[PDB]
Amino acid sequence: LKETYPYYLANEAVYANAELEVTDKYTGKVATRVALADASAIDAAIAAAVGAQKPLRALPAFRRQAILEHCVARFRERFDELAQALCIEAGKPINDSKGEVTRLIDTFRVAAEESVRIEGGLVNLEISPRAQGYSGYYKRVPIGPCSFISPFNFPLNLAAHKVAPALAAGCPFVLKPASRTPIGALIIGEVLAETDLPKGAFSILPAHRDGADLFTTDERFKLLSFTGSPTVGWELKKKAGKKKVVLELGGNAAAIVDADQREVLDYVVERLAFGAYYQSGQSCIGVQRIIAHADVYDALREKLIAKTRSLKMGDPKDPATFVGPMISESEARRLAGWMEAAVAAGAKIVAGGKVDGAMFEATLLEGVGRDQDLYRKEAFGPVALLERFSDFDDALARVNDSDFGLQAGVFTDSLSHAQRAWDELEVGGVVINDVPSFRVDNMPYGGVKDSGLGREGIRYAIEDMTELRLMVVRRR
């Protein structure tokens, strides 16, 4: 890592200060220092984004594509640097960190392809005699300056899912990364600064939530796009004013294991362990609830206990580590408190369960009451809950027994069960024969209920960052 990082104000690196300390989430020592933006800098960034609307809009589509393709090439060259920085600032196991840099590249690559493909349309207006001679044409224009707020757990790829569409769509933006994990955003900033984007087209400004009011309230932003916790996101919607609001939040995702799965339980168990425990459960679609049919429950339980106990916890820089530290000791203590309450109420820890500082073991529980915080709130840690069902409709009801609705998974070979799950699960996406934790970066992605408002995935984010501009032409 560099000794200091700047922030990016109107496309240019500014070593304004070194007030924001970023710690190695495993050793707790300060790893680097970056410049912290104050309100005057955020205001300057917004002013410059307003000024860049017209130059940015004049860029032809192939120039936007070229800019995105430059990012792709440089992320490829700097692949291991990006992964190592992610490993340090997020505590993310090095193999998962490489997974994320691969996705970062995927996301920018899809955006490069979509930048020359933005949907326009023709509409037939001659639907009645009054409208004889009229024809309709629409194209998508930038919504205007965008305010982007990203979280700690995928500090490259979840920032990418706003930055890359904005570049494809021609919106200037100001991005506030997570203060705990700002480095990846600032490496994206350095790469973007090398392109011929108009000055003001982007700023990337670290700022604590307590100094971030302008990202929500400033009327010069036309879009607020927030990825993070449900409690924060719904509060920001209340204060956004006139701008459009897109929310990517979290949930307590469930995976159903159907009665017909005996012969493939080793496959199911492997995916369940990945979904529940990769990057230590700190995924908005991490597996938290496992709803297993009575016919397979016993063999699944035995296999899942074994697999869970086998996952190495420790130094995320070690390729053998599967379970790194949680983002902070305080977050481990929150989850450990929910776990202890669940246990005192009758639940049993059947694998794992030890917590030391931010080091939370991969843990499996049985008998968690559905009214427990551990069941109903977002665990965001390496805990999974196993329950048993015999009626498939009851399994669906259990998945839906939640404030949230991001993604769900169903392991089944029953056509009608897959159909019924698609129809009845009140989630953004249903995954068949994999865990809810699966995402590919072109697919529409987001939540309903308390889990979000809108869809990301390149094409869908561009939709929200643009406005239809209709032309009606009358011929006489």
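From 1 onward, residues are counted along the sequence shown.
Quiz item: Given the B-factors recorded for C-alpha atoms, which segment has the greater mean, 9 to 17 or 461 to 469?
Solution: Comparing 461 to 469 with 9 to 17, the higher mean C-alpha B-factor belongs to 9 to 17.
Quiz prompt | Mean C-alpha temperature factor, higher of 199 to 207 and 315 to 323 | solution = Here the higher of the two C-alpha B-factor means belongs to 315 to 323.
Quiz item: For the listed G144, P155, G275, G251, which has the peak Cα B-factor recorded in the PDB entry?
Solution: Largest recorded C-alpha B-factor: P155.
Self-check item: Options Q261, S128, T181, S390 - largest CA temperature factor per the record
Solution: Highest C-alpha B-factor among the listed options: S390.
Practice problem: Could you look up the Cα B-factor of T412 in the entry and say which third of the chain it sits in: lowest, middle or highest? | Solution: Lowest third, going by the recorded CA B-factors of the chain.
Quiz prompt | Third of the chain, ranked by Cα B-factor, where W338 sits | solution = Highest third, going by the recorded CA B-factors of the chain.
Practice problem: Grab the CA temperature factor for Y26 from the record and place it in the lowest, middle or highest third of its chain. | Solution: As the PDB entry reports it, the C-alpha B-factor of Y26 lands in the highest third of its chain.
Quiz item: If you rank the chain by CA B-factor, which third does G447 end up in: lowest, middle or highest?
Solution: For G447, whose C-alpha B-factor we compare with every modelled residue in the chain, the answer is the lowest third.
Exercise. Pull the Cα B-factor of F148 out of the PDB entry and bin it into the chain's lowest, middle or highest third.
Key: Within its chain, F148 is a lowest-third residue by C-alpha B-factor, going by the deposited values.
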